[PDB]
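Engineer: Can you read through this structure? Questions will come right after.
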Amino acid sequence: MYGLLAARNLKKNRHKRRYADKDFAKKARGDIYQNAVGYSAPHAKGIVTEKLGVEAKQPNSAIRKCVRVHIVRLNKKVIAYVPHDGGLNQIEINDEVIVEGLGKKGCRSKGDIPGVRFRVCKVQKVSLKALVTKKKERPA
Amino acid sequence: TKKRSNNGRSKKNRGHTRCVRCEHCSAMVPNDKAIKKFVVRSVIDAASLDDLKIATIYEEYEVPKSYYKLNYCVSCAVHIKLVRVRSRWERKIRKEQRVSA
Amino acid sequence: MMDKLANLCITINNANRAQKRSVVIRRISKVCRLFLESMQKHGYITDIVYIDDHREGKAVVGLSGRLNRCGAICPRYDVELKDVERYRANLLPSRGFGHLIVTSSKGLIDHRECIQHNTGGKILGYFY
Amino acid sequence: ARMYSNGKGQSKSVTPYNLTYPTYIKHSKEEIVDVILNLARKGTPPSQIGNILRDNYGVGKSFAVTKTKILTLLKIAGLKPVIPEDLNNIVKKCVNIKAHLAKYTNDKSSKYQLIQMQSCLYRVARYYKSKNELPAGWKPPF
RNA sequence: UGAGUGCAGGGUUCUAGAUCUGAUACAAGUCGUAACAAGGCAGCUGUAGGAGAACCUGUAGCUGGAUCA
RNA sequence: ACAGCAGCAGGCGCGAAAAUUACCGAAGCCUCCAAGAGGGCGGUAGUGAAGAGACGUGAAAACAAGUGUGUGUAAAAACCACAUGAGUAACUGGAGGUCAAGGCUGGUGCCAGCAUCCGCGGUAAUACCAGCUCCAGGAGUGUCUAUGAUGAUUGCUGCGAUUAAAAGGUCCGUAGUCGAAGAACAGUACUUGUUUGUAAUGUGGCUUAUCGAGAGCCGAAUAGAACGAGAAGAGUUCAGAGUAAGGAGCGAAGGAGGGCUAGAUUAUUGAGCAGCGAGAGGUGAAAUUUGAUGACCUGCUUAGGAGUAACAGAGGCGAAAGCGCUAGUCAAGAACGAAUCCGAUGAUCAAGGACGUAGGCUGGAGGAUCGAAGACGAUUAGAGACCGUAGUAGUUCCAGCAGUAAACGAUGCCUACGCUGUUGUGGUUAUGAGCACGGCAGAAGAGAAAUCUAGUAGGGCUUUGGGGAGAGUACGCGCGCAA
Ligand SMILES: [Zn+2]
């Protein structure tokens, strides 16, 4: 394939090789639009339906606080994590929450939380960081 | 990792070889791999030759010998102690063994 | 069959490494002659004899102490005068010395003569 | 290397540096030219013509005296064969193998040799029917 | 020149489904112990039977073997 | 009856996502029968930390932002000039390592939480929650999401395939990519001149807004096309030329290479008959089991179906799978010797075609030995297994199907350049040596090492890998009687 007039053979061969890369393959041949946050959108709105808790992976020993969210844009139901110290207390059933990604290349689990892929950002139009640290109050 | 340069056998420039059967357990082993042993044993034991000298009718007599070639598989040769495990530099030394009696 | 200009290069490179002063090279073509004659002009090789054996051809050559390395490029890429310095920087060790040889309508010439004559060509080989 | 098998033999014979004229010989030009054309009409292949000239009449490579090649002389005399002698010897070997297999059908080694032989025939045919030495629709005797 | 609309078919993409069958994670549940030491019948590859379950048995092969002899 | 905002404002929805139902006889342009009329085209401001410049938040004597006039414009506001007051003006992320900066004090005790990654916390936490001091950037700083770089982890330049992932079981073969020396010839590619071909952007500059982005003027330019020029490489032809390129042929010889015909020495079983009169077999040790219907062992007769011991090897032959008794017969091949003939006929290979141990399947022949399945005897907690007794399909042959192996020297095929000693096999020999096919032991280089079919290298062509798993699995398709 290294001959001077071999360009056609060379091009067709090298194109076919790239499908061995996971990155190129997923963009070409996988379902890249299945996710609430990803290629489609940076943030997602949804309504809280259940409060939930999950164990951390070994060797850690903890209960992590999680929320069941119905996503307006897809009608899927997903699990999200609630970040801050007393954070679970700032959320009621049937509140609206905005939800965000964990920051890995694909949608992947982070740290010791098994199988959860998003986190809460805002509750009832206001920043959760401000709610928890008592800098601002619920809209009421 | 590769333990021996010759793969533990004497086959070179061939596809396939005849098999033979182990004396101790009848397992099949390739002829070019089998451990071989030669025996030349008198029909009459050394502890009887002094009686033979008065028993025989002939003026002189030569005792008949019996001849054998025996074959062994690796497991049997190691267990019967025809061969032993050796160090990484000793493995390379090749010398002909004695004929047994 | 091997390329004759590749064979020439490996034959002299190995013999130089083995610290021999002379070699016989066994298959020769028209551009092989011109390549060797180039190395003689720049003082990389000293003496050349050609044997007219009626079987292809063969050469006997004396090496100098100045030759570090030579090589052929395959295939022989076409280059504009704008392109040659890219290949110069890729192949040669220093901006101060060594030769990159190019075939042209004016014979074999080096990367300096290309500037003088204002011509590109096809890339052939190098030595330093 | 060899074309149908893994051979790398090197047995050949050296061609001389210069050819001269064979003054040690005991015949004229015209006699040698007569000897060739006789051997030709009797039906000998041109490679055998060469062997006889060397062995019996004492002339090496059969060209130093004539300034002309054996097959060209046969075309000048009009004695040219219908098929080139190489392609002709390939058809013969094929026929032989098919005549063996016709009675000893079980021989897998002979079957193997036939498919090799047959391939070589068509590769040679395509050479000659490009140089206009055979009619375009020529086919094997099979 | 033709919009619209009947009636059959196809081509695509999604979705329902009694029931069955994969995979993955199961702090540590039950039964054995197949592999790693000659792992207690040296191991492994193909093929064919058999079996709660790892697996076992015939046949040809390999050493990555416990032998460069 | 009327009606169609992917015109300008504006509203509702949808979403993670985007401004005023504002002024306009002025600037740039367009339209008419016009010393005039029209234009949401266009211009002017308002709104918003998408982007980009220049500067405030003090100095050691003495500091923005305000205000009033003038300007500015279509009218304005801002900008600039002079004149008045004065003394206002920092946050975001961090402080165990990567990675700049605290083992400080108090709470909490695998809780609550933190942490991109590695990891912290079970009562002595520089990592959680706070106080206090430090660090970094600063009118800005954190997070999420696509992409370029990191990355020689996509490799033209420039990676890999003995053992880490990775050379097709072996051949034939089309399309495709790649192809001697010598003497000559021609100009379409190739390279280059002149002329065309670029507003903005970008590039090399200079000049004016306090400065700096900004604005204004200049010069050269890509790919593409027109006409000339040069002939090294590539291309075409020739034969008083004949490759350590190929094919055809000659001579003497070598080999478990293959098909067929006709024979052979023993051995293992089975029957017949004769002799003898009590055990044989099997194991680590034993039991199933067989024997007075005479076993076992020793004779003589016979009947079958497999196989070729010892010699026999780091020996030979074959494309691989594979091939071992003796004669006769039938085709083709490899190597060697040499002054035979033809002349580029060649390398590698998608598609397509032929062979392929064993086990398996369809039909016929046959059936000694061995033995999956099945059945017993022992051993064990249990053995369905390992061991022993027995026993069927298969194991052999002819005519076919099938298409897999740790089909391995785990090392593709042609072709090169390469140190020494020793030992083989077959020819030839000036007897000094060579040519083809091997084994072995060092060296030098190489490599993560072990080691070396792995040294040197932009030679040609095909196959093939890209962190573990799921998975060589699902759906579709092609072959097969099925597997
Ligand atoms: Zn044994």
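So you can find residues: chains in the structure tokens are A, B, ... in the order shown, residues in each start at 1, and ligands are numbered from 1 in order.
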Which chain C residues are at most 10 Å from chain F (counting only C-alpha atoms (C1' of nucleotides)), as a ChimeraX atom specification?

Structural biologist: /C:1-15,17-18,26-31,34,54-57,71-76,78-81,87,90,102-109,118-124

Engineer: Set the cut-off to 9 Å, count only C-alpha atoms (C1' of nucleotides) and all ligand atoms, and list whatever residues fall near ligand 1 as number ranges by chain.

Structural biologist: B: 21-29, 71-77

Engineer: Tell me, which residues of stretch 7-108 of chain C carry DSSP strand (DSSP E or B), written as a PDB file with N, CA and C atoms, in the first residue's frame?

Structural biologist:
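Result saved to part_10.pdb:
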```pdb
ATOM      1  N   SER C  22      36.621  -0.745   1.971  1.00  0.00           N
ATOM      2  CA  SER C  22      36.203  -0.960   0.593  1.00  0.00           C
ATOM      3  C   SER C  22      35.144  -2.054   0.507  1.00  0.00           C
ATOM      4  N   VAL C  23      34.286  -1.984  -0.524  1.00  0.00           N
ATOM      5  CA  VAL C  23      33.243  -2.972  -0.800  1.00  0.00           C
ATOM      6  C   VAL C  23      33.045  -3.169  -2.307  1.00  0.00           C
ATOM      7  N   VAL C  24      32.434  -4.313  -2.660  1.00  0.00           N
ATOM      8  CA  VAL C  24      31.883  -4.586  -3.982  1.00  0.00           C
ATOM      9  C   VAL C  24      30.353  -4.577  -3.906  1.00  0.00           C
ATOM     10  N   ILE C  25      29.684  -3.817  -4.794  1.00  0.00           N
ATOM     11  CA  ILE C  25      28.233  -3.685  -4.842  1.00  0.00           C
ATOM     12  C   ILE C  25      27.726  -4.392  -6.106  1.00  0.00           C
ATOM     13  N   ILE C  45      33.271   9.672  -0.646  1.00  0.00           N
ATOM     14  CA  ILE C  45      33.942   8.466  -1.125  1.00  0.00           C
ATOM     15  C   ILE C  45      35.093   8.891  -2.031  1.00  0.00           C
ATOM     16  N   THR C  46      36.114   8.033  -2.158  1.00  0.00           N
ATOM     17  CA  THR C  46      37.391   8.450  -2.727  1.00  0.00           C
ATOM     18  C   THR C  46      37.610   7.885  -4.126  1.00  0.00           C
ATOM     19  N   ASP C  47      37.454   6.566  -4.286  1.00  0.00           N
ATOM     20  CA  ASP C  47      37.804   5.899  -5.533  1.00  0.00           C
ATOM     21  C   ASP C  47      36.653   5.026  -6.017  1.00  0.00           C
ATOM     22  N   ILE C  48      36.398   5.050  -7.338  1.00  0.00           N
ATOM     23  CA  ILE C  48      35.324   4.288  -7.963  1.00  0.00           C
ATOM     24  C   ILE C  48      35.887   3.531  -9.169  1.00  0.00           C
ATOM     25  N   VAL C  49      35.597   2.223  -9.249  1.00  0.00           N
ATOM     26  CA  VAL C  49      35.794   1.445 -10.460  1.00  0.00           C
ATOM     27  C   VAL C  49      34.505   0.706 -10.810  1.00  0.00           C
ATOM     28  N   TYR C  50      34.179   0.654 -12.109  1.00  0.00           N
ATOM     29  CA  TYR C  50      33.022  -0.064 -12.612  1.00  0.00           C
ATOM     30  C   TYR C  50      33.442  -1.278 -13.451  1.00  0.00           C
ATOM     31  N   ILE C  51      32.837  -2.454 -13.185  1.00  0.00           N
ATOM     32  CA  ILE C  51      33.134  -3.713 -13.852  1.00  0.00           C
ATOM     33  C   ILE C  51      32.034  -3.998 -14.872  1.00  0.00           C
ATOM     34  N   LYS C  58      28.591  -4.223 -11.788  1.00  0.00           N
ATOM     35  CA  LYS C  58      29.037  -4.136 -10.401  1.00  0.00           C
ATOM     36  C   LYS C  58      30.101  -3.060 -10.215  1.00  0.00           C
ATOM     37  N   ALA C  59      30.235  -2.526  -8.997  1.00  0.00           N
ATOM     38  CA  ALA C  59      31.167  -1.444  -8.711  1.00  0.00           C
ATOM     39  C   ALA C  59      32.036  -1.780  -7.500  1.00  0.00           C
ATOM     40  N   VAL C  60      33.265  -1.236  -7.465  1.00  0.00           N
ATOM     41  CA  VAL C  60      34.158  -1.339  -6.312  1.00  0.00           C
ATOM     42  C   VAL C  60      34.492   0.076  -5.858  1.00  0.00           C
ATOM     43  N   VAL C  61      34.341   0.363  -4.555  1.00  0.00           N
ATOM     44  CA  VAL C  61      34.416   1.726  -4.040  1.00  0.00           C
ATOM     45  C   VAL C  61      35.237   1.803  -2.752  1.00  0.00           C
ATOM     46  N   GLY C  62      35.960   2.920  -2.600  1.00  0.00           N
ATOM     47  CA  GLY C  62      36.686   3.224  -1.378  1.00  0.00           C
ATOM     48  C   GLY C  62      35.956   4.261  -0.531  1.00  0.00           C
ATOM     49  N   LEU C  63      35.745   3.922   0.744  1.00  0.00           N
ATOM     50  CA  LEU C  63      35.040   4.790   1.678  1.00  0.00           C
ATOM     51  C   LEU C  63      36.006   5.743   2.388  1.00  0.00           C
ATOM     52  N   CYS C  70      24.133   7.160   4.892  1.00  0.00           N
ATOM     53  CA  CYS C  70      23.382   7.553   3.706  1.00  0.00           C
ATOM     54  C   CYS C  70      22.081   6.749   3.591  1.00  0.00           C
ATOM     55  N   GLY C  71      21.144   7.195   2.742  1.00  0.00           N
ATOM     56  CA  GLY C  71      19.906   6.452   2.566  1.00  0.00           C
ATOM     57  C   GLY C  71      19.110   6.894   1.343  1.00  0.00           C
ATOM     58  N   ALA C  72      18.286   5.980   0.808  1.00  0.00           N
ATOM     59  CA  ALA C  72      17.369   6.273  -0.286  1.00  0.00           C
ATOM     60  C   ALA C  72      15.978   6.530   0.275  1.00  0.00           C
ATOM     61  N   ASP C  78       7.322  13.939  -5.544  1.00  0.00           N
ATOM     62  CA  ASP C  78       7.474  15.191  -6.285  1.00  0.00           C
ATOM     63  C   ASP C  78       7.446  16.361  -5.310  1.00  0.00           C
ATOM     64  N   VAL C  79       8.327  17.351  -5.510  1.00  0.00           N
ATOM     65  CA  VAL C  79       8.392  18.504  -4.619  1.00  0.00           C
ATOM     66  C   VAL C  79       8.547  19.801  -5.402  1.00  0.00           C
ATOM     67  N   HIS C  99      23.999  16.588   2.874  1.00  0.00           N
ATOM     68  CA  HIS C  99      23.413  16.792   1.558  1.00  0.00           C
ATOM     69  C   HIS C  99      22.128  15.984   1.375  1.00  0.00           C
ATOM     70  N   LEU C 100      21.101  16.658   0.841  1.00  0.00           N
ATOM     71  CA  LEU C 100      19.876  16.056   0.333  1.00  0.00           C
ATOM     72  C   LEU C 100      19.866  16.180  -1.187  1.00  0.00           C
ATOM     73  N   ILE C 101      19.772  15.034  -1.873  1.00  0.00           N
ATOM     74  CA  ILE C 101      19.909  14.925  -3.315  1.00  0.00           C
ATOM     75  C   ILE C 101      18.537  14.816  -3.975  1.00  0.00           C
ATOM     76  N   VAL C 102      18.363  15.578  -5.061  1.00  0.00           N
ATOM     77  CA  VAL C 102      17.115  15.705  -5.799  1.00  0.00           C
ATOM     78  C   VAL C 102      17.406  15.531  -7.287  1.00  0.00           C
ATOM     79  N   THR C 103      16.563  14.762  -7.985  1.00  0.00           N
ATOM     80  CA  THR C 103      16.648  14.595  -9.430  1.00  0.00           C
ATOM     81  C   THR C 103      15.842  15.701 -10.098  1.00  0.00           C
ATOM     82  N   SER C 104      16.352  16.233 -11.216  1.00  0.00           N
ATOM     83  CA  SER C 104      15.761  17.372 -11.910  1.00  0.00           C
ATOM     84  C   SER C 104      16.076  17.313 -13.402  1.00  0.00           C
ATOM     85  N   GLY C 107      19.830  17.171 -14.051  1.00  0.00           N
ATOM     86  CA  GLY C 107      20.567  16.082 -13.412  1.00  0.00           C
ATOM     87  C   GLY C 107      20.317  16.003 -11.905  1.00  0.00           C
ATOM     88  N   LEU C 108      21.197  15.285 -11.187  1.00  0.00           N
ATOM     89  CA  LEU C 108      21.161  15.262  -9.730  1.00  0.00           C
ATOM     90  C   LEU C 108      21.790  16.546  -9.195  1.00  0.00           C
TER      91      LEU C 108
END
```

Engineer: Would you mind listing, as a ChimeraX atom specification, all residues of chain F that have at least one atom within 6 Å of chain D, where only C-alpha atoms (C1' of nucleotides) are what counts?

Structural biologist: /F:248,258-259,331,338-341,345

Engineer: Could you give me the residues within chain A that DSSP places in helix (DSSP H, G or I), as a PyMOL selection string?

Structural biologist: chain A and resi 7-20+22-29+87-90+128-132

Engineer: How far is it from atom CA of residue D:129 to atom CA of residue D:77, in Å with one decimal?

Structural biologist: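 Separating atom CA of residue D:129 from atom CA of residue D:77 is a distance of 23.6 Å.
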
Engineer: Have a look at atom CA of residue D:32 and atom CA of residue D:74 and let me know their distance in Å, one decimal.

Structural biologist: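 Computing it gives 13.6 Å between the two atoms.
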
Engineer: Could you work out which residues of chain B fall inside 9 Å of chain E? Count only C-alpha atoms (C1' of nucleotides), and format the result as number ranges by chain.

Structural biologist: B: 1-9, 33-35, 73-75, 77-79, 83-85, 91-97

Engineer: Can those selected residues be exported to a file as a short mmCIF file (atom, residue, chain, number, x, y, z; two decimals), in the first residue's frame so that it contains N, CA, C and O atoms?

Structural biologist:
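See result_33.cif below for the written result:
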```cif
data_model
loop_
_atom_site.label_atom_id
_atom_site.label_comp_id
_atom_site.auth_asym_id
_atom_site.auth_seq_id
_atom_site.Cartn_x
_atom_site.Cartn_y
_atom_site.Cartn_z
N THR B 1 6.27 -18.83 30.26
CA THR B 1 7.50 -18.59 29.44
C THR B 1 8.07 -19.93 28.95
O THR B 1 7.86 -20.96 29.59
N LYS B 2 8.82 -19.88 27.85
CA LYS B 2 9.37 -21.06 27.18
C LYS B 2 10.53 -21.63 28.00
O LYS B 2 11.55 -20.96 28.16
N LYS B 3 10.41 -22.88 28.46
CA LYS B 3 11.34 -23.45 29.42
C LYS B 3 12.55 -24.12 28.76
O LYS B 3 13.61 -24.19 29.38
N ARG B 4 12.38 -24.66 27.55
CA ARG B 4 13.41 -25.40 26.83
C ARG B 4 13.42 -25.00 25.35
O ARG B 4 12.36 -24.90 24.73
N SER B 5 14.61 -24.90 24.75
CA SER B 5 14.76 -24.47 23.37
C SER B 5 14.20 -25.48 22.38
O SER B 5 13.69 -25.09 21.32
N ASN B 6 14.28 -26.77 22.73
CA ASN B 6 13.85 -27.89 21.90
C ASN B 6 12.45 -28.40 22.28
O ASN B 6 12.11 -29.51 21.89
N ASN B 7 11.66 -27.64 23.05
CA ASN B 7 10.32 -28.03 23.47
C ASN B 7 10.26 -29.37 24.21
O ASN B 7 9.18 -29.96 24.34
N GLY B 8 11.39 -29.87 24.71
CA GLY B 8 11.42 -31.11 25.48
C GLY B 8 11.43 -32.39 24.64
O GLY B 8 11.26 -33.47 25.20
N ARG B 9 11.66 -32.29 23.32
CA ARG B 9 11.59 -33.42 22.40
C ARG B 9 12.62 -33.29 21.27
O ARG B 9 13.11 -32.20 20.99
N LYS B 33 10.11 -38.22 22.11
CA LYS B 33 9.99 -37.62 23.44
C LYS B 33 10.20 -38.63 24.59
O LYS B 33 10.66 -38.24 25.66
N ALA B 34 9.87 -39.90 24.39
CA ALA B 34 9.92 -40.94 25.43
C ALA B 34 11.31 -41.11 26.05
O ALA B 34 12.31 -41.09 25.32
N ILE B 35 11.38 -41.35 27.37
CA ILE B 35 12.63 -41.65 28.07
C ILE B 35 12.98 -43.11 27.81
O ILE B 35 12.13 -43.97 28.01
N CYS B 73 7.06 -42.78 30.01
CA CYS B 73 6.51 -41.44 29.96
C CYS B 73 7.13 -40.59 31.07
O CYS B 73 7.58 -41.13 32.07
N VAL B 74 7.10 -39.25 30.92
CA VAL B 74 7.69 -38.29 31.85
C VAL B 74 7.33 -38.56 33.31
O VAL B 74 8.24 -38.63 34.14
N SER B 75 6.04 -38.73 33.62
CA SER B 75 5.56 -38.94 34.98
C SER B 75 6.17 -40.16 35.65
O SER B 75 6.55 -40.12 36.82
N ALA B 77 9.03 -41.78 34.61
CA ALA B 77 10.48 -41.63 34.70
C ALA B 77 10.90 -40.82 35.93
O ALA B 77 11.86 -41.18 36.60
N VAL B 78 10.15 -39.76 36.26
CA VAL B 78 10.37 -38.91 37.43
C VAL B 78 10.06 -39.67 38.72
O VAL B 78 10.81 -39.58 39.69
N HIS B 79 8.95 -40.42 38.74
CA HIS B 79 8.49 -41.16 39.90
C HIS B 79 9.37 -42.37 40.24
O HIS B 79 9.61 -42.64 41.41
N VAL B 83 15.16 -40.05 36.13
CA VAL B 83 15.55 -38.65 35.95
C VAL B 83 15.11 -37.85 37.18
O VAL B 83 14.23 -38.29 37.92
N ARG B 84 15.73 -36.67 37.37
CA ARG B 84 15.47 -35.79 38.50
C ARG B 84 15.44 -34.33 38.04
O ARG B 84 16.02 -33.99 37.01
N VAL B 85 14.79 -33.48 38.83
CA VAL B 85 14.76 -32.04 38.61
C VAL B 85 16.17 -31.46 38.82
O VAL B 85 16.90 -31.87 39.71
N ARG B 91 20.39 -27.99 33.39
CA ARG B 91 19.41 -28.48 32.41
C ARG B 91 20.01 -28.71 31.03
O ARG B 91 19.53 -29.56 30.28
N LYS B 92 21.09 -27.98 30.70
CA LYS B 92 21.69 -27.95 29.38
C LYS B 92 22.70 -29.08 29.15
O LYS B 92 23.05 -29.35 28.00
N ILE B 93 23.17 -29.73 30.22
CA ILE B 93 24.17 -30.80 30.13
C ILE B 93 23.53 -32.09 29.60
O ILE B 93 22.52 -32.55 30.15
N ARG B 94 24.12 -32.66 28.54
CA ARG B 94 23.69 -33.90 27.87
C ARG B 94 24.81 -34.95 27.94
O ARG B 94 25.88 -34.71 27.39
N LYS B 95 24.55 -36.12 28.58
CA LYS B 95 25.49 -37.24 28.70
C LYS B 95 24.76 -38.59 28.68
O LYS B 95 23.74 -38.75 29.34
N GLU B 96 25.35 -39.58 27.98
CA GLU B 96 24.78 -40.92 27.88
C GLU B 96 24.88 -41.68 29.21
O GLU B 96 25.96 -41.76 29.80
N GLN B 97 23.76 -42.27 29.64
CA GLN B 97 23.65 -43.10 30.84
C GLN B 97 24.16 -44.53 30.59
O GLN B 97 24.29 -44.96 29.44
#
```

Engineer: Could you check how far atom CA of residue C:32 sits from atom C1' of residue F:234, in Å to one decimal?

Structural biologist: 16.1 Å

Engineer: Write out as a Markdown table the residues of chain B that have any atom within 8 Å of an atom of chain F, one row each with the nearest atom pair and its distance in Å to one decimal, counting only C-alpha atoms (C1' of nucleotides), sorted by chain and then rising number.

Structural biologist:
```
| residue | atom | partner | partner_atom | distance |
| --- | --- | --- | --- | --- |
| B:1 | CA | F:163 | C1' | 5.8 |
| B:2 | CA | F:163 | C1' | 7.5 |
| B:10 | CA | F:314 | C1' | 4.8 |
| B:11 | CA | F:314 | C1' | 6.6 |
| B:12 | CA | F:314 | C1' | 6.5 |
| B:15 | CA | F:322 | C1' | 6.9 |
| B:16 | CA | F:322 | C1' | 6.8 |
```

Engineer: Output N, CA, C and O atoms for every residue in that selection, as a PDB file, in the first residue's frame.

Structural biologist:
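Final output, again_38.pdb:
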```
ATOM      1  N   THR B   1       6.273 -18.829  30.257  1.00  0.00           N
ATOM      2  CA  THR B   1       7.502 -18.593  29.436  1.00  0.00           C
ATOM      3  C   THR B   1       8.068 -19.931  28.955  1.00  0.00           C
ATOM      4  O   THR B   1       7.859 -20.960  29.591  1.00  0.00           O
ATOM      5  N   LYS B   2       8.818 -19.884  27.847  1.00  0.00           N
ATOM      6  CA  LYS B   2       9.367 -21.060  27.181  1.00  0.00           C
ATOM      7  C   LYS B   2      10.534 -21.626  27.997  1.00  0.00           C
ATOM      8  O   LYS B   2      11.554 -20.961  28.161  1.00  0.00           O
ATOM      9  N   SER B  10      12.891 -34.381  20.556  1.00  0.00           N
ATOM     10  CA  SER B  10      13.950 -34.408  19.553  1.00  0.00           C
ATOM     11  C   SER B  10      13.469 -34.225  18.109  1.00  0.00           C
ATOM     12  O   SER B  10      14.308 -34.248  17.209  1.00  0.00           O
ATOM     13  N   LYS B  11      12.159 -34.021  17.867  1.00  0.00           N
ATOM     14  CA  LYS B  11      11.619 -33.747  16.532  1.00  0.00           C
ATOM     15  C   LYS B  11      12.141 -32.424  15.947  1.00  0.00           C
ATOM     16  O   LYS B  11      11.978 -31.373  16.571  1.00  0.00           O
ATOM     17  N   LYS B  12      12.739 -32.473  14.736  1.00  0.00           N
ATOM     18  CA  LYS B  12      13.028 -31.307  13.893  1.00  0.00           C
ATOM     19  C   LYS B  12      12.893 -31.664  12.407  1.00  0.00           C
ATOM     20  O   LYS B  12      13.236 -32.774  12.021  1.00  0.00           O
ATOM     21  N   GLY B  15       6.673 -33.252  10.441  1.00  0.00           N
ATOM     22  CA  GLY B  15       5.342 -32.995  10.955  1.00  0.00           C
ATOM     23  C   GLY B  15       4.994 -33.875  12.152  1.00  0.00           C
ATOM     24  O   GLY B  15       4.647 -33.351  13.200  1.00  0.00           O
ATOM     25  N   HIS B  16       5.102 -35.207  11.996  1.00  0.00           N
ATOM     26  CA  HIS B  16       4.477 -36.178  12.888  1.00  0.00           C
ATOM     27  C   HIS B  16       5.332 -37.439  13.018  1.00  0.00           C
ATOM     28  O   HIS B  16       6.052 -37.790  12.091  1.00  0.00           O
TER      29      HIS B  16
END
```

Engineer: Would you list the contacts of residue F:53 as number ranges by chain, taking every protein, DNA or RNA residue within 10 Å and counting only C-alpha atoms (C1' of nucleotides), but skipping same-chain residues closer than 4 positions in sequence?

Structural biologist: F: 212-214

Engineer: May I have the residues from that selection written out with N, CA and C atoms (P, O5', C5', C4', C3', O3' and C1' of nucleotides), as a PDB file, in the first residue's frame?

Structural biologist:
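out.pdb was written with the following content:
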```pdb
ATOM      1  P     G F 212      -0.811  53.580  21.126  1.00  0.00           P
ATOM      2  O5'   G F 212      -1.796  52.385  21.569  1.00  0.00           O
ATOM      3  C5'   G F 212      -1.276  51.114  22.054  1.00  0.00           C
ATOM      4  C4'   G F 212      -2.431  50.294  22.584  1.00  0.00           C
ATOM      5  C3'   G F 212      -3.359  49.663  21.537  1.00  0.00           C
ATOM      6  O3'   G F 212      -2.886  48.395  21.046  1.00  0.00           O
ATOM      7  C1'   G F 212      -4.655  50.814  23.168  1.00  0.00           C
ATOM      8  P     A F 213      -2.907  48.136  19.451  1.00  0.00           P
ATOM      9  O5'   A F 213      -4.434  48.450  19.055  1.00  0.00           O
ATOM     10  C5'   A F 213      -5.202  47.454  18.333  1.00  0.00           C
ATOM     11  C4'   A F 213      -6.323  46.914  19.193  1.00  0.00           C
ATOM     12  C3'   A F 213      -7.686  46.811  18.503  1.00  0.00           C
ATOM     13  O3'   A F 213      -7.737  45.737  17.550  1.00  0.00           O
ATOM     14  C1'   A F 213      -7.987  47.795  20.599  1.00  0.00           C
ATOM     15  P     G F 214      -8.101  46.092  16.012  1.00  0.00           P
ATOM     16  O5'   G F 214      -9.100  47.344  16.145  1.00  0.00           O
ATOM     17  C5'   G F 214     -10.536  47.175  15.973  1.00  0.00           C
ATOM     18  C4'   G F 214     -11.175  48.540  16.016  1.00  0.00           C
ATOM     19  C3'   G F 214     -11.252  49.279  14.678  1.00  0.00           C
ATOM     20  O3'   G F 214     -12.289  48.728  13.855  1.00  0.00           O
ATOM     21  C1'   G F 214     -10.495  50.764  16.350  1.00  0.00           C
TER      22        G F 214
END
```

Engineer: List the neighbours of stretch 74-80 of chain F out to 10 Å using only C-alpha atoms (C1' of nucleotides); skip same-chain residues closer than 4 positions along the sequence, and give me the result as a list in words.

Structural biologist: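 Those residues are residues 23, 24, 25, 26, 44 and 45 of chain F.
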
Engineer: With C-alpha atoms (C1' of nucleotides) retained, export the selected residues as a PDB file, in the first residue's frame.

Structural biologist:
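Output file selection_38.pdb follows:
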```
ATOM      1  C1'   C F  23     -36.975  58.436  18.123  1.00  0.00           C
ATOM      2  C1'   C F  24     -35.856  59.553  12.813  1.00  0.00           C
ATOM      3  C1'   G F  25     -37.336  66.648   7.281  1.00  0.00           C
ATOM      4  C1'   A F  26     -29.703  63.884   9.548  1.00  0.00           C
ATOM      5  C1'   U F  44     -30.069  56.622  16.651  1.00  0.00           C
ATOM      6  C1'   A F  45     -30.376  55.459  21.373  1.00  0.00           C
TER       7        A F  45
END
```

Engineer: Give me, as a PyMOL selection string, the residues of chain A touching chain E, with the criterion being at most 12 Å (counting only C-alpha atoms (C1' of nucleotides)).

Structural biologist: chain A and resi 55-61+114-115

Engineer: Write out as a count of residues only the residues lying within 9 Å of residue E:48, counting only C-alpha atoms (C1' of nucleotides) and excluding same-chain residues fewer than 2 positions away.

Structural biologist: 5

Engineer: I want to know what sits within 12 Å of residue E:41, based on only C-alpha atoms (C1' of nucleotides), with residues of the same chain fewer than 3 positions away left out; could you give that as a VMD selection string?

Structural biologist: (chain E and resid 38 56) or (chain F and resid 385 to 387)
